[PDB]
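K.L.:
Sequence plus experimental coordinates follow:
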Amino acid sequence: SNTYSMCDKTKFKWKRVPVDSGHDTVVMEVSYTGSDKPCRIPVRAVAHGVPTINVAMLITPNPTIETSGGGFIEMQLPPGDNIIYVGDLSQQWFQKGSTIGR
């Protein structure tokens, strides 16, 4: 395998929780304690009621983990309550804006 392989989903830890710096994007940082670093981060997100569609509009098409991590990931999500998954990790994000309620 090459240096940038897929990082183990279960070896991720939260460094910085998802938050909008001020550019309508969700930024988070994740650390990785496994080997094969630097490596590519498995990232995905869903909305409430939408489990089968990856709603994660990923700004960075290739999230990566450096020597200790520092995996800065930006994604844009539909307004409402969304679920962001990094590896085996789960973290919900509430996005503000305009969306169809009912």
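P.N.:
Sure thing, it's come through. Numbers count the residues shown, from 1 in each chain.

K.L.:
count of neighbours near residue 60?
P.N.:
By other CB atoms under 10 Å, 14 other residues sit near residue 60. C-betas here are computed from N, CA, C, even on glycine.

K.L.:
ok, and it, which helix or strand is that part of?
P.N.:
With elements taken from DSSP states H and E, nothing contains residue 60; it lies in neither a helix nor a strand.

K.L.:
same deal with residue 28?
P.N.:
Assigned by DSSP H and E, residue 28 belongs to strand 26-32.

K.L.:
Now the element after that strand, going C-ward?
P.N.:
strand 39-40.

K.L.:
Give me the residues contacting the helix or strand following that following strand.
P.N.:
Next along the chain after strand 39-40, taking DSSP H and E as the criterion, comes strand 43-47. By CB atoms under 8 Å, 6 or more residues apart in numbering, the surrounding residues in contact with strand 43-47 are 53-56, 58, 63, 73, 75, 77-78, 80-86, 93.

K.L.:
What of stretch 95-102?
P.N.:
26, 77-82.

K.L.:
Just the ones of those residues in helices?
P.N.:
Using DSSP state H, no member of the contacts of stretch 95-102 falls in helices.

K.L.:
Please point out which parts of the strand holding residue 28 sit buried.
P.N.:
By 16 or more other CB atoms under 10 Å, the buried positions in strand 26-32 come out as 26-28, 30-32.

K.L.:
and if you look at stretch 64-84?
P.N.:
64-65, 69, 71-78, 80, 82-84.

K.L.:
what do you get for stretch 86-99?
P.N.:
For stretch 86-99, burial by neighbour count (16+ other CB under 10 Å) applies to 86-87, 89, 91, 93, 95.
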